[PDB]
>>> print(open('upload-v5.tsv').read())   # TSV, C-alpha atoms
chain	number	residue	atom	x	y	z
A	11	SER	CA	80.56	31.23	-16.15
A	12	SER	CA	78.63	27.95	-16.13
A	13	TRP	CA	77.25	28.33	-12.60
A	14	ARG	CA	74.57	30.80	-13.71
A	15	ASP	CA	72.93	28.14	-15.88
A	16	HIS	CA	72.57	25.90	-12.81
A	17	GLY	CA	70.61	28.50	-10.81
A	18	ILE	CA	73.48	29.50	-8.52
A	19	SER	CA	73.07	33.13	-7.49
A	20	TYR	CA	75.79	35.77	-7.59
A	21	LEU	CA	75.99	36.00	-3.80
A	22	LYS	CA	76.79	32.30	-3.51
A	23	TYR	CA	79.44	32.78	-6.20
A	24	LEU	CA	81.15	35.41	-4.05
A	25	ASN	CA	81.08	33.28	-0.90
A	26	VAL	CA	82.81	30.44	-2.74
A	27	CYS	CA	85.46	32.82	-4.09
A	28	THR	CA	86.09	34.36	-0.67
A	29	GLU	CA	86.51	30.94	0.95
A	30	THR	CA	88.95	29.94	-1.79
A	31	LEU	CA	90.90	33.18	-1.43
A	32	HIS	CA	91.13	32.68	2.33
A	33	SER	CA	92.33	29.13	1.63
A	34	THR	CA	95.40	30.42	-0.21
A	35	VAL	CA	96.46	32.83	2.55
A	36	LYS	CA	99.52	31.86	4.57
A	37	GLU	CA	98.91	29.66	7.60
A	38	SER	CA	100.18	32.46	9.84
A	39	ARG	CA	97.61	34.93	8.49
A	40	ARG	CA	94.81	32.44	7.77
A	41	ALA	CA	93.35	32.82	11.26
A	42	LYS	CA	92.43	36.48	10.82
A	43	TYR	CA	90.83	36.16	7.39
A	44	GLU	CA	89.22	32.76	7.99
A	45	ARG	CA	87.08	34.19	10.80
A	46	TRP	CA	85.30	36.21	8.09
A	47	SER	CA	84.37	33.14	6.00
A	48	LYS	CA	83.21	30.55	8.55
A	49	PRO	CA	79.47	29.78	8.36
A	50	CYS	CA	77.89	30.08	11.80
A	51	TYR	CA	74.27	30.85	10.86
A	52	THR	CA	71.06	28.84	10.77
A	53	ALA	CA	67.36	29.43	10.12
A	54	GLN	CA	65.05	28.06	12.80
A	55	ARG	CA	61.32	28.14	13.50
A	56	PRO	CA	60.02	27.30	16.99
A	57	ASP	CA	58.34	23.91	16.77
A	58	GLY	CA	54.92	23.12	18.18
A	59	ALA	CA	56.46	21.29	21.14
A	60	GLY	CA	58.88	24.14	21.86
A	61	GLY	CA	61.80	22.91	19.75
A	62	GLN	CA	63.86	24.19	16.84
A	63	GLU	CA	62.73	23.17	13.34
A	64	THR	CA	65.52	24.05	10.92
A	65	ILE	CA	64.41	25.51	7.60
A	66	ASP	CA	66.30	24.00	4.65
A	67	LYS	CA	65.31	26.66	2.11
A	68	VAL	CA	68.82	28.14	1.75
A	69	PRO	CA	72.13	26.24	2.03
A	70	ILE	CA	74.65	27.21	4.68
A	71	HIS	CA	77.81	25.41	3.50
A	72	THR	CA	79.64	26.07	0.24
A	73	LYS	CA	79.94	22.31	-0.30
A	74	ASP	CA	76.15	21.90	-0.48
A	75	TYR	CA	75.55	24.90	-2.77
B	154	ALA	CA	57.55	41.59	-2.06
B	155	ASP	CA	57.02	45.32	-2.46
B	156	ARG	CA	59.90	46.10	-0.08
B	157	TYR	CA	62.35	44.49	2.32
B	158	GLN	CA	63.06	46.56	5.42
B	159	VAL	CA	65.84	46.15	7.98
B	160	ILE	CA	65.31	47.71	11.40
B	161	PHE	CA	68.50	47.81	13.46
B	162	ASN	CA	70.33	49.85	16.09
B	163	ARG	CA	72.89	52.52	15.19
B	164	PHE	CA	75.65	53.10	17.76
B	165	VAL	CA	76.10	56.86	17.70
B	166	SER	CA	78.26	56.87	20.84
B	167	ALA	CA	78.95	54.81	23.95
B	168	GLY	CA	75.68	56.05	25.47
B	169	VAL	CA	73.57	56.72	22.35
B	170	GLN	CA	71.96	53.84	20.42
B	171	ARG	CA	69.26	55.02	18.04
B	172	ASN	CA	67.03	52.97	15.73
B	173	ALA	CA	67.87	53.01	12.03
B	174	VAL	CA	66.09	51.73	8.94
B	175	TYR	CA	67.26	50.38	5.58
B	176	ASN	CA	64.40	50.10	3.09
B	177	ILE	CA	65.24	48.02	0.02
B	178	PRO	CA	62.75	48.12	-2.87
B	179	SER	CA	62.54	44.99	-4.97
B	180	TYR	CA	64.04	44.88	-8.45
B	181	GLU	CA	60.97	46.00	-10.38
B	182	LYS	CA	60.33	49.18	-8.39
B	183	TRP	CA	64.04	50.00	-8.15
B	184	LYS	CA	64.70	49.73	-11.89
B	185	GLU	CA	61.60	51.85	-12.53
B	186	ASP	CA	62.89	54.61	-10.26
B	187	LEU	CA	66.38	54.15	-11.72
B	188	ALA	CA	64.81	54.69	-15.14
B	189	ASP	CA	63.15	57.95	-14.07
B	190	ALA	CA	66.28	59.28	-12.35
B	191	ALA	CA	68.15	58.72	-15.62
B	192	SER	CA	65.78	60.32	-18.13
B	193	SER	CA	64.16	63.07	-16.05
B	194	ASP	CA	65.64	66.13	-14.39
B	195	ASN	CA	64.06	64.85	-11.18
B	196	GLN	CA	66.56	63.13	-8.89
B	197	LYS	CA	69.51	65.09	-10.24
B	198	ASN	CA	72.06	63.57	-7.86
B	199	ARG	CA	71.11	60.12	-9.20
B	200	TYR	CA	71.06	61.11	-12.88
B	201	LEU	CA	74.68	60.21	-13.60
B	202	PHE	CA	74.59	57.10	-11.42
B	203	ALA	CA	71.43	55.77	-13.06
B	204	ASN	CA	72.59	56.34	-16.63
C	60	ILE	CA	78.39	59.39	-56.75
C	61	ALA	CA	80.15	61.70	-54.28
C	62	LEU	CA	76.75	62.25	-52.65
C	63	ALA	CA	76.75	58.57	-51.63
C	64	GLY	CA	79.52	59.31	-49.15
C	65	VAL	CA	77.71	62.48	-48.05
C	66	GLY	CA	74.23	61.18	-47.34
C	67	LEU	CA	75.71	58.18	-45.55
C	68	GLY	CA	77.92	60.48	-43.49
C	69	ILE	CA	74.86	62.43	-42.39
C	70	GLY	CA	73.17	59.20	-41.33
C	71	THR	CA	76.25	58.30	-39.32
C	72	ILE	CA	76.04	61.60	-37.41
C	73	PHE	CA	72.36	61.19	-36.57
C	74	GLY	CA	72.78	57.52	-35.67
C	75	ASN	CA	75.31	58.49	-33.01
C	76	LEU	CA	73.14	61.44	-31.98
C	77	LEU	CA	70.31	59.12	-30.93
C	78	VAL	CA	72.68	56.99	-28.85
C	79	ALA	CA	74.18	60.04	-27.15
C	80	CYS	CA	70.73	61.41	-26.35
C	81	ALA	CA	69.82	58.03	-24.87
C	82	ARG	CA	72.85	57.82	-22.57
C	83	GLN	CA	72.75	61.54	-21.71
C	84	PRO	CA	69.08	62.56	-21.84
C	85	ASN	CA	69.72	65.92	-20.13
C	86	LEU	CA	72.27	67.12	-22.70
C	87	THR	CA	70.11	66.88	-25.83
C	88	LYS	CA	70.42	70.57	-26.75
C	89	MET	CA	74.19	70.73	-27.28
C	90	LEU	CA	74.29	67.44	-29.18
C	91	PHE	CA	71.57	68.58	-31.58
C	92	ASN	CA	73.46	71.79	-32.35
C	93	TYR	CA	76.66	69.86	-33.04
C	94	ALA	CA	74.74	67.39	-35.21
C	95	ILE	CA	73.42	70.28	-37.30
C	96	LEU	CA	76.94	71.68	-37.54
C	97	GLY	CA	78.28	68.40	-38.89
C	98	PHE	CA	75.42	68.14	-41.38
C	99	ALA	CA	76.16	71.61	-42.75
C	100	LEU	CA	79.86	70.82	-43.12
C	101	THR	CA	79.09	67.62	-45.03
C	102	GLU	CA	76.47	69.47	-47.06
C	103	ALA	CA	79.20	71.91	-48.12
C	104	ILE	CA	81.04	69.01	-49.76
C	105	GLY	CA	77.80	67.88	-51.36
C	106	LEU	CA	77.31	71.33	-52.87
C	107	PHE	CA	80.88	71.32	-54.18
C	108	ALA	CA	80.20	68.06	-56.01
C	109	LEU	CA	76.81	69.37	-57.15
C	110	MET	CA	78.41	72.51	-58.57
C	111	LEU	CA	80.87	70.41	-60.60
C	112	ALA	CA	78.01	68.25	-61.88
C	113	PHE	CA	76.03	71.30	-62.99
C	114	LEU	CA	79.10	72.78	-64.67
C	115	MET	CA	79.67	69.56	-66.62
C	116	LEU	CA	75.92	69.22	-67.33
C	117	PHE	CA	74.98	72.76	-68.42
C	118	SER	CA	78.34	73.45	-70.10
D	22	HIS	CA	56.76	57.73	14.70
D	23	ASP	CA	59.29	58.18	11.88
D	24	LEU	CA	62.64	56.39	12.00
D	25	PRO	CA	65.96	57.70	10.65
D	26	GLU	CA	67.37	56.01	7.58
D	27	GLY	CA	70.70	54.34	8.25
D	28	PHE	CA	72.47	56.59	5.74
D	29	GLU	CA	71.76	59.77	7.72
D	30	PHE	CA	74.51	58.84	10.20
D	31	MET	CA	77.10	58.67	7.38
D	32	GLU	CA	78.73	62.06	6.77
D	33	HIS	CA	80.91	61.24	3.73
D	34	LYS	CA	78.52	61.40	0.78
D	35	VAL	CA	79.32	61.03	-2.91
D	36	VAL	CA	79.88	64.28	-4.83
D	37	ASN	CA	78.65	64.21	-8.42
D	38	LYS	CA	79.73	66.83	-10.95
D	39	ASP	CA	76.92	68.64	-12.75
D	40	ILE	CA	77.12	67.84	-16.45
D	41	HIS	CA	76.78	71.53	-17.41
D	42	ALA	CA	79.95	72.67	-15.67
D	43	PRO	CA	83.56	73.49	-16.55
D	44	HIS	CA	86.21	70.80	-16.54
D	45	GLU	CA	89.10	70.58	-14.07
D	46	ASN	CA	92.57	69.14	-14.59
D	47	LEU	CA	93.12	66.63	-11.78
D	48	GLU	CA	96.41	64.89	-10.99
D	49	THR	CA	95.11	62.71	-8.13
D	50	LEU	CA	92.48	59.98	-7.90
D	51	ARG	CA	90.76	59.69	-4.51
D	52	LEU	CA	90.55	55.93	-3.93
D	53	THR	CA	88.42	54.17	-1.31
D	54	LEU	CA	89.31	50.47	-1.14
D	55	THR	CA	86.84	48.65	1.10
D	56	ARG	CA	86.38	45.11	2.41
D	57	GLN	CA	83.35	43.80	4.32
D	58	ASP	CA	82.36	47.26	5.56
D	59	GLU	CA	85.95	48.18	6.38
D	60	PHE	CA	88.08	50.64	4.40
D	61	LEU	CA	91.67	49.59	3.75
D	62	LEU	CA	92.23	52.96	2.05
D	63	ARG	CA	90.13	56.10	2.53
D	64	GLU	CA	89.97	59.00	0.07
D	65	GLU	CA	93.63	58.29	-0.65
D	66	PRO	CA	95.15	60.45	-3.42
D	67	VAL	CA	96.83	58.03	-5.84
D	68	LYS	CA	98.28	58.28	-9.32
D	69	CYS	CA	96.41	55.35	-10.88
D	70	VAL	CA	94.55	52.14	-10.07
D	71	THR	CA	94.34	48.98	-12.19
D	72	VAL	CA	91.30	46.72	-11.81
D	73	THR	CA	90.18	43.52	-13.56
D	74	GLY	CA	86.51	43.55	-14.52
D	75	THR	CA	84.60	40.86	-16.37
D	76	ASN	CA	85.31	42.41	-19.77
D	77	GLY	CA	88.99	43.01	-19.09
D	78	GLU	CA	91.52	45.23	-17.36
D	79	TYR	CA	90.88	48.92	-16.72
D	80	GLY	CA	93.52	51.49	-15.85
D	81	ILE	CA	91.74	54.27	-13.98
D	82	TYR	CA	93.46	57.67	-13.84
D	83	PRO	CA	92.09	61.00	-12.57
D	84	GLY	CA	89.18	62.31	-14.61
D	85	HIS	CA	88.05	58.88	-15.81
D	86	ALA	CA	84.48	58.83	-17.05
D	87	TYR	CA	81.61	57.62	-14.88
D	88	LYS	CA	81.51	53.83	-15.00
D	89	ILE	CA	80.52	50.81	-12.94
D	90	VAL	CA	82.68	47.69	-13.20
D	91	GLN	CA	81.85	44.19	-11.95
D	92	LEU	CA	85.14	42.82	-10.67
D	93	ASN	CA	86.33	39.23	-10.92
D	94	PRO	CA	88.75	37.30	-8.70
D	95	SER	CA	91.99	39.03	-9.59
D	96	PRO	CA	94.83	41.34	-8.51
D	97	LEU	CA	94.29	45.06	-8.05
D	98	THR	CA	97.14	47.54	-8.35
D	99	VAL	CA	97.50	51.03	-6.87
D	100	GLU	CA	100.34	53.30	-8.00
D	101	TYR	CA	100.98	56.46	-5.99
D	102	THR	CA	102.26	59.76	-7.35
D	103	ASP	CA	105.46	59.12	-5.38
D	104	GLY	CA	106.19	56.04	-7.48
D	105	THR	CA	105.16	53.29	-5.06
D	106	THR	CA	103.08	50.28	-6.08
D	107	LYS	CA	100.74	48.45	-3.70
D	108	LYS	CA	99.15	45.21	-4.89
D	109	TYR	CA	96.03	43.62	-3.40
D	110	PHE	CA	94.02	40.60	-4.47
D	111	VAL	CA	90.22	40.64	-4.57
D	112	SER	CA	87.69	37.82	-4.81
D	113	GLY	CA	84.85	39.92	-6.22
D	114	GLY	CA	82.76	43.03	-5.88
D	115	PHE	CA	82.17	46.29	-7.70
D	116	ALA	CA	84.13	49.39	-8.63
D	117	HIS	CA	82.39	52.75	-9.03
D	118	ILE	CA	84.36	55.36	-10.97
D	119	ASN	CA	83.15	58.96	-10.81
D	120	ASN	CA	84.08	61.73	-13.24
D	121	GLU	CA	84.77	64.01	-10.23
D	122	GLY	CA	88.01	62.11	-9.55
D	123	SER	CA	86.98	59.40	-7.09
D	124	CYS	CA	87.01	55.60	-7.22
D	125	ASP	CA	85.19	53.52	-4.59
D	126	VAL	CA	86.25	49.88	-4.92
D	127	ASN	CA	84.06	47.76	-2.64
D	128	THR	CA	85.21	44.14	-2.43
D	129	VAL	CA	83.93	41.17	-0.47
D	130	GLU	CA	87.57	40.40	0.38
D	131	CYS	CA	90.73	42.38	-0.36
D	132	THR	CA	94.04	40.90	0.79
D	133	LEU	CA	97.56	42.10	0.07
D	134	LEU	CA	99.21	39.79	-2.44
D	135	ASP	CA	102.05	39.22	0.05
D	136	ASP	CA	99.73	37.41	2.46
D	137	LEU	CA	98.87	34.76	-0.13
D	138	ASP	CA	101.06	31.65	-0.34
D	139	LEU	CA	101.88	30.03	-3.67
D	140	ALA	CA	102.67	26.62	-2.15
D	141	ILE	CA	99.26	26.52	-0.47
D	142	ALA	CA	97.63	27.82	-3.65
D	143	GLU	CA	99.36	25.24	-5.85
D	144	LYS	CA	98.44	22.19	-3.78
D	145	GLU	CA	94.86	23.42	-3.45
D	146	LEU	CA	94.58	23.46	-7.25
D	147	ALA	CA	95.66	19.81	-7.35
D	148	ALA	CA	93.13	18.84	-4.68
D	149	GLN	CA	90.25	20.73	-6.30
D	150	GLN	CA	91.04	19.22	-9.70
D	151	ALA	CA	90.82	15.81	-8.03
D	152	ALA	CA	87.59	16.97	-6.40
D	153	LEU	CA	86.24	17.98	-9.81
D	154	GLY	CA	86.92	14.46	-11.05
D	155	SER	CA	84.86	13.07	-8.17
D	156	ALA	CA	82.21	15.80	-8.40
D	157	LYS	CA	78.83	14.09	-8.19
D	158	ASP	CA	76.68	16.31	-10.41
D	159	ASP	CA	76.76	19.31	-12.73
D	160	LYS	CA	76.19	21.80	-9.91
D	161	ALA	CA	79.04	20.37	-7.84
D	162	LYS	CA	81.37	20.57	-10.84
D	163	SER	CA	80.45	24.22	-11.41
D	164	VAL	CA	81.23	25.11	-7.79
D	165	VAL	CA	84.56	23.29	-7.95
D	166	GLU	CA	85.43	25.13	-11.17
D	167	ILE	CA	84.74	28.43	-9.40
D	168	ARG	CA	87.40	27.53	-6.84
D	169	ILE	CA	89.91	26.49	-9.51
D	170	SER	CA	89.48	29.76	-11.40
D	171	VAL	CA	90.27	31.76	-8.26
D	172	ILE	CA	93.18	29.48	-7.37
D	173	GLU	CA	94.69	29.64	-10.85
D	174	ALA	CA	94.25	33.42	-10.84
D	175	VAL	CA	96.06	33.52	-7.48
D	176	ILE	CA	98.80	31.20	-8.74
D	177	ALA	CA	99.18	33.20	-11.94
D	178	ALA	CA	99.05	36.47	-10.00
D	179	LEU	CA	101.97	35.45	-7.78
D	180	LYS	CA	103.99	33.93	-10.63
D	181	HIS	CA	103.77	37.28	-12.44
D	182	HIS	CA	105.79	38.90	-9.64
>>> encode(input="upload-v5.tsv", output="structure tokens")
Amino acid sequence: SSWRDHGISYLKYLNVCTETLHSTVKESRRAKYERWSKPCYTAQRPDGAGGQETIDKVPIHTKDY
Amino acid sequence: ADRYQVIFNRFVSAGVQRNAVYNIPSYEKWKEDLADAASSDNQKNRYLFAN
Amino acid sequence: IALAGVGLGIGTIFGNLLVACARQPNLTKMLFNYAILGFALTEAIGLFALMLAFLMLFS
Amino acid sequence: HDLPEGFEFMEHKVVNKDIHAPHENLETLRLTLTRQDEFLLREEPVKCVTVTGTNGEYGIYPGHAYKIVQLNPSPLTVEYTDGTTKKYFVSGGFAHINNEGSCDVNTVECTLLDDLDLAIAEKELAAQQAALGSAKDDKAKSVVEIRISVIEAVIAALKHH
């Protein structure tokens, strides 16, 4: 609805909906579904010293969308 | 970008793992092909889908 | 005045014909034949009104 | 060195009906309900399927015209020829309806309405509404409102039956 005007993409809209839908599932069944909506990904470039420089071009958490 | 390609491994069986490719043309080239599949007899199988 | 509802009816047929040809480009032949059929049927009514007008004009 | 395309290994392709062909009277719709590259139902013959797209609700029966529908967070109903109703809830996705008698409903998430809890759904609505009050900026408010819409749809879906 109003999220398109703010630049939010459709894919981010779906991730938010899926997390919310998994939120409503019973506590007994939440474990199965919640494993499909738990961010565990990052974007890293190897630094000059041999470290991990995290790219902040795309958000990972629905809170920070 | 003209295209985005994904090069992954397809698990045919327990002992067979081939290399598979998903080529994804960007919006402009896709909608142009989708427009030709709709109007023209070419790409029959995609005629109904495109329209 | 009856022709007002005839000519407009013909325009309605062709207006829909263009849309149909746009959303089914590879079916243009059958639609065109049906469009002609509808035009002739409406034209029949137009001729009926025209015949009455001529009867009341030349007699 | 040519590489196979990943669709060559898939042996269940989509059959399209040539436009210049005779019609068939079909009493079964072959449904394929899918979640995250997993089919909950596969080529299942059903009587009808009800889906909520952005414009409104569609009741798809066999022979429905070719159409693509952008779903919204909502319930989805499947009624079998036997007379049995199965209700899922989807958070989004697309539904492709083919005039050949098939309906492939691909969803990001598709959960049976039984699994969802109304007590959890209700209290989440209260929390998110409070979160919307404390939302920092316009973007944050929009995201929170996305959650509320899904929650209210879930709450309303369960209150219906």
>>> atom_distance(input="upload-v5.tsv", atom1="CA of residue 180 in chain B", atom2="CA of residue 203 in chain B")
13.9 Å
>>> atom_distance(input="upload-v5.tsv", atom1="CA of residue 116 in chain D", atom2="CA of residue 90 in chain D")
5.1 Å
>>> residues_around(input="upload-v5.tsv", residues="residue 156 in chain B", least_positions_apart="2", cutoff="12 Å", atoms="all atoms listed in the file", output="VMD selection string")
chain B and resid 154 158 to 159 175 to 183
>>> atom_distance(input="upload-v5.tsv", atom1="CA of residue 57 in chain D", atom2="CA of residue 127 in chain D")
8.0 Å
>>> interface_residues(input="upload-v5.tsv", of="chain D", to="chain B", cutoff="6 Å", atoms="all atoms listed in the file", output="PyMOL selection string")
chain D and resi 25-27
>>> closest_atom_pairs(input="upload-v5.tsv", of="chain A", to="chain D", cutoff="7 Å", atoms="all atoms listed in the file", output="CSV")
residue,atom,partner,partner_atom,distance
A:12,CA,D:163,CA,6.3
A:13,CA,D:163,CA,5.3
A:16,CA,D:160,CA,6.2
A:24,CA,D:113,CA,6.2
A:26,CA,D:168,CA,6.8
A:27,CA,D:112,CA,5.5
A:28,CA,D:112,CA,5.6
A:30,CA,D:168,CA,5.8
A:31,CA,D:112,CA,6.6
A:34,CA,D:142,CA,4.9
A:35,CA,D:137,CA,4.1
A:36,CA,D:138,CA,5.2
A:39,CA,D:136,CA,6.9
>>> decode(input="upload-v5.tsv", residues="range 158-183 of chain B", atoms="N, CA, C and O atoms", output="mmCIF file, in the first residue's frame")
data_model
loop_
_atom_site.group_PDB
_atom_site.id
_atom_site.type_symbol
_atom_site.label_atom_id
_atom_site.label_comp_id
_atom_site.auth_asym_id
_atom_site.auth_seq_id
_atom_site.Cartn_x
_atom_site.Cartn_y
_atom_site.Cartn_z
ATOM 1 N N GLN B 158 23.407 -14.400 -14.118
ATOM 2 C CA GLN B 158 23.501 -15.844 -14.251
ATOM 3 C C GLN B 158 23.760 -16.462 -12.888
ATOM 4 O O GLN B 158 24.441 -15.869 -12.052
ATOM 5 N N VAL B 159 23.186 -17.639 -12.660
ATOM 6 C CA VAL B 159 23.450 -18.436 -11.471
ATOM 7 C C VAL B 159 23.989 -19.778 -11.932
ATOM 8 O O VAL B 159 23.351 -20.464 -12.740
ATOM 9 N N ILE B 160 25.157 -20.145 -11.424
ATOM 10 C CA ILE B 160 25.831 -21.380 -11.789
ATOM 11 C C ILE B 160 25.905 -22.227 -10.529
ATOM 12 O O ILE B 160 26.633 -21.885 -9.586
ATOM 13 N N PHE B 161 25.160 -23.329 -10.509
ATOM 14 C CA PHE B 161 25.036 -24.152 -9.315
ATOM 15 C C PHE B 161 25.192 -25.617 -9.693
ATOM 16 O O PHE B 161 25.482 -25.959 -10.841
ATOM 17 N N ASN B 162 24.990 -26.487 -8.710
ATOM 18 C CA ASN B 162 25.144 -27.923 -8.883
ATOM 19 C C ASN B 162 23.799 -28.612 -8.699
ATOM 20 O O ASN B 162 23.142 -28.440 -7.668
ATOM 21 N N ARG B 163 23.406 -29.391 -9.699
ATOM 22 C CA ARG B 163 22.168 -30.155 -9.677
ATOM 23 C C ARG B 163 22.470 -31.579 -9.238
ATOM 24 O O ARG B 163 23.351 -32.239 -9.804
ATOM 25 N N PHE B 164 21.723 -32.049 -8.240
ATOM 26 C CA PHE B 164 21.915 -33.367 -7.639
ATOM 27 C C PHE B 164 21.008 -34.354 -8.360
ATOM 28 O O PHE B 164 19.855 -34.561 -7.981
ATOM 29 N N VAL B 165 21.528 -34.964 -9.426
ATOM 30 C CA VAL B 165 20.724 -35.912 -10.188
ATOM 31 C C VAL B 165 20.476 -37.169 -9.364
ATOM 32 O O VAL B 165 19.348 -37.673 -9.290
ATOM 33 N N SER B 166 21.524 -37.692 -8.733
ATOM 34 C CA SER B 166 21.413 -38.864 -7.879
ATOM 35 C C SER B 166 22.526 -38.808 -6.841
ATOM 36 O O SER B 166 23.329 -37.872 -6.811
ATOM 37 N N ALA B 167 22.569 -39.832 -5.986
ATOM 38 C CA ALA B 167 23.549 -39.854 -4.906
ATOM 39 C C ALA B 167 24.971 -39.714 -5.430
ATOM 40 O O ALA B 167 25.826 -39.134 -4.751
ATOM 41 N N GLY B 168 25.243 -40.232 -6.625
ATOM 42 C CA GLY B 168 26.567 -40.176 -7.211
ATOM 43 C C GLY B 168 26.701 -39.303 -8.437
ATOM 44 O O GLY B 168 27.759 -39.330 -9.079
ATOM 45 N N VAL B 169 25.680 -38.528 -8.793
ATOM 46 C CA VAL B 169 25.711 -37.686 -9.983
ATOM 47 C C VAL B 169 25.360 -36.265 -9.573
ATOM 48 O O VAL B 169 24.241 -36.002 -9.113
ATOM 49 N N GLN B 170 26.308 -35.348 -9.754
ATOM 50 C CA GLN B 170 26.123 -33.935 -9.434
ATOM 51 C C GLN B 170 26.626 -33.131 -10.626
ATOM 52 O O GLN B 170 27.828 -32.883 -10.753
ATOM 53 N N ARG B 171 25.705 -32.725 -11.494
ATOM 54 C CA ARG B 171 26.069 -31.973 -12.683
ATOM 55 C C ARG B 171 26.060 -30.480 -12.377
ATOM 56 O O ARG B 171 25.682 -30.045 -11.291
ATOM 57 N N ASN B 172 26.477 -29.679 -13.351
ATOM 58 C CA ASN B 172 26.465 -28.229 -13.228
ATOM 59 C C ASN B 172 25.308 -27.666 -14.040
ATOM 60 O O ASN B 172 25.147 -28.003 -15.217
ATOM 61 N N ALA B 173 24.510 -26.811 -13.408
ATOM 62 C CA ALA B 173 23.319 -26.248 -14.018
ATOM 63 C C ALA B 173 23.380 -24.730 -13.964
ATOM 64 O O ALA B 173 24.091 -24.135 -13.145
ATOM 65 N N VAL B 174 22.604 -24.114 -14.852
ATOM 66 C CA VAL B 174 22.696 -22.691 -15.144
ATOM 67 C C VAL B 174 21.294 -22.105 -15.200
ATOM 68 O O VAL B 174 20.418 -22.639 -15.890
ATOM 69 N N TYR B 175 21.083 -21.007 -14.479
ATOM 70 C CA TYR B 175 19.871 -20.198 -14.586
ATOM 71 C C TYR B 175 20.278 -18.821 -15.089
ATOM 72 O O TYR B 175 20.914 -18.057 -14.357
ATOM 73 N N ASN B 176 19.914 -18.497 -16.325
ATOM 74 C CA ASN B 176 20.174 -17.180 -16.887
ATOM 75 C C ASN B 176 18.914 -16.339 -16.768
ATOM 76 O O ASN B 176 17.834 -16.766 -17.190
ATOM 77 N N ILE B 177 19.057 -15.149 -16.203
ATOM 78 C CA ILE B 177 17.944 -14.270 -15.888
ATOM 79 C C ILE B 177 18.180 -12.942 -16.596
ATOM 80 O O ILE B 177 19.039 -12.156 -16.194
ATOM 81 N N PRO B 178 17.462 -12.674 -17.685
ATOM 82 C CA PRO B 178 17.633 -11.395 -18.377
ATOM 83 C C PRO B 178 16.932 -10.273 -17.634
ATOM 84 O O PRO B 178 15.833 -10.444 -17.101
ATOM 85 N N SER B 179 17.577 -9.111 -17.610
ATOM 86 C CA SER B 179 17.026 -7.976 -16.895
ATOM 87 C C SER B 179 15.673 -7.579 -17.487
ATOM 88 O O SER B 179 15.244 -8.075 -18.531
ATOM 89 N N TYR B 180 15.002 -6.661 -16.792
ATOM 90 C CA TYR B 180 13.616 -6.342 -17.112
ATOM 91 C C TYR B 180 13.460 -5.933 -18.570
ATOM 92 O O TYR B 180 12.562 -6.416 -19.270
ATOM 93 N N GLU B 181 14.330 -5.045 -19.049
ATOM 94 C CA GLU B 181 14.143 -4.471 -20.376
ATOM 95 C C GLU B 181 14.163 -5.548 -21.452
ATOM 96 O O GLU B 181 13.282 -5.593 -22.318
ATOM 97 N N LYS B 182 15.158 -6.433 -21.413
ATOM 98 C CA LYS B 182 15.244 -7.471 -22.433
ATOM 99 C C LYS B 182 14.151 -8.516 -22.262
ATOM 100 O O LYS B 182 13.691 -9.095 -23.253
ATOM 101 N N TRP B 183 13.725 -8.774 -21.026
ATOM 102 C CA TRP B 183 12.680 -9.767 -20.803
ATOM 103 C C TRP B 183 11.339 -9.278 -21.335
ATOM 104 O O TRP B 183 10.636 -10.010 -22.041
#
